[PDB]
Amino acid sequence: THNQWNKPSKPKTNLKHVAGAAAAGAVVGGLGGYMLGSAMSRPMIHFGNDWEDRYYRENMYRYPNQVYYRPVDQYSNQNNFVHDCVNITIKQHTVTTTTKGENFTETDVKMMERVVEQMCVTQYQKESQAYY
Amino acid sequence: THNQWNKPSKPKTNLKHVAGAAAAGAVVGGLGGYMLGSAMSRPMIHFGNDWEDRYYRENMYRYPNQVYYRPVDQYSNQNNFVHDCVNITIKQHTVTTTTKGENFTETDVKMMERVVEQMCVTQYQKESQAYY
Amino acid sequence: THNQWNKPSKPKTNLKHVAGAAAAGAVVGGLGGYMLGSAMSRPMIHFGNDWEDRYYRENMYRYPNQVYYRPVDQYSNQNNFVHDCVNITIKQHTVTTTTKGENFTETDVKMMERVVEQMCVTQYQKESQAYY
């Protein structure tokens, strides 16, 4: 006789963001930036009744991977990448307070002429010759 | 006779961000940046009843990986990368307070002429020759 | 007779950020930056009942990894990388207070002419010749 009696009370099980290869917010590029043979995930959760006998499972597995970066004649002049050019600030600030003033003049002058030429300029070639 | 009796009360099980290869927010590049044969994760959780007998499982596993970086004729002139050009500040600041003033003049002057030529400039070649 | 009786009360089990290869926020590049044969993780948690007999499992494993960096004719002129050019500040600052003042003049002059030429400039070649 085999008797299995199961009564789990208010279980909570949460799986979030389970993947073989996870690249949710990845930024990839640049002549073969990311190479991956294979990726596998197998989370297992057991909290019931389990009874097994005389079985034969999951035998003789092979996972052969070859990941080759093997170009023959590769010429790259400019290869670049940047993530962020962030929080760049230029200001002229004045705060003036006069609780009480009788006979006065206030002058506030601000000039910005040629403050910057290049601020966030990543890749360029100027007056340059390349021969192949 | 076999008896399995299971009554787990209010269990909480949380799996989050389980992957074989995790590159969620990765930045990758640059002529074969990231090379991975294989990546595997098998997290296992057991808090029930488990009973097993006369079994034969998970035998004879092979995980052969070859990761070769073998380019033959590779010419790279400029290869670069930067994460962030962040929090760059230029300012001219004045705070002025007068609580009481009779017969006075105030003059605030601020100039910015040519403060910066290049602020965040990553890769460039100027008046340069390359021969191949 | 086999009796298994299981009554775990309010267990909490948390797995977060479990991976074979973890590169969540990595920055990678540069002509074969990161090379890895294989990476595996198998975390296991047991707090139930577990009864096993006469079994044969997980035998005869092989994990052969070859990770070869072997370019034949590699020419790299400029290879570079920077993380951050952060928190760069140039400022001219004045705080003035006069609680009480009768007969006075205040002048405040700020100039920035040519403060910086290159602030965060990583890679460049200027008036340079390369022969191959």
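Quick note: structure is the one above.
A brief report on the enclosed structure follows. (Residues numbered from 1 in each chain as written, not as in the entry; some residues may be left out. Chains lettered and ligands numbered in written order. Heavy atoms only, no water.)

For the rest of this paragraph, the subject is the overall build of chain A. Regarding its fold elements, chain A presents 0 helices and 14 strands. Mapped from its N terminus to its C terminus, chain A presents α and β elements in the order β-β-β-β-β-β-β-β-β-β-β-β-β-β. Relative to the 2.2 N^0.38 estimate, which gives 14 Å for 132 residues, the radius of gyration of chain A is 33 Å and therefore markedly larger than a compact globule would have. Structurally, chain A occupies a C-alpha span of about 105 × 65 × 10 Å along its principal axes. Each of the 132 residues in chain A was classed as buried or not, and the buried ones make up 20%. (Helix = DSSP H or I, 4+ residues; strand = E, 2+ residues; numbered from the N terminus. Rg over C-alpha atoms; globule rule 2.2 N^0.38 Å. Buried < 20%, exposed > 50% of the residue type's maximum accessible area, 1.4 Å probe, protein only.)

Once that is clear, we can look at the interface of chain B and chain C. Frequently, the measure chosen for interface size is the accessible area that the parts lose on association. Counting residues at the interface gives 132 residues for chain B and 132 residues for chain C. When the two sides are added together, the surface that chain B and chain C hide from each other amounts to roughly 11500 Å², 47% of it contributed by carbon and sulfur. Inspection of the chain B/chain C interface yields 3 salt bridges. Between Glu58 of chain B and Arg42 of chain C there is a salt bridge, and its shortest N-O distance comes to 4.0 Å. If you look at where chain B meets chain C, you find 163 residue pairs in polar contact. Per element, the largest residue contribution to the side of chain B that touches chain C is 31 residues, and it comes from strand β11 (residues 82-112) of chain B. Broken down by class, the residue content of the side of chain B that touches chain C amounts to 56 nonpolar, 50 polar and 26 charged. Examined bridge by bridge, strand β2 (residues 12-22) of chain B and strand β2 (residues 12-22) of chain C share 9 bridges and lie parallel to one another. Bridge pairing links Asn14 of chain B to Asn14 of chain C in β2 of chain C. (Contact = heavy atoms within 4.5 Å. Buried area = accessible area lost by both parts, 1.4 Å probe. Salt bridge = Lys/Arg side-chain N within 4 Å of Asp/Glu carboxyl O. Polar contact = N/O pair within 3.5 Å; in protein donor to acceptor, adjacent residues only side chain to side chain. Nonpolar A, V, L, I, M, F, W, Y, C, P; charged D, E, K, R; others polar. Pairing = 2+ DSSP bridges.)

Okay, the state of the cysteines next. Residues and elements named next belong to chain A. Scanning all chains against the criterion turns up 3 disulfides over all chains. In this model, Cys85 is linked to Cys120 through a disulfide, with the two sulfur atoms separated by 2.0 Å. Given an S-S torsion of about -75 degrees, the disulfide between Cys85 and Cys120 has left-handed geometry. Taken together, the residues span a long stretch of sequence, with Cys85 in strand β11 (residues 82-98) and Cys120 in strand β13 (residues 118-126) at a distance of 35 residues. Here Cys85 falls in the partly exposed class, since its relative accessible area comes to 35%. Looking at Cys120, the relative accessible area reads 37%, which means it is partly exposed. (Disulfide = S-S within 2.5 Å.)

Purely geometric numbers; function is a separate question.
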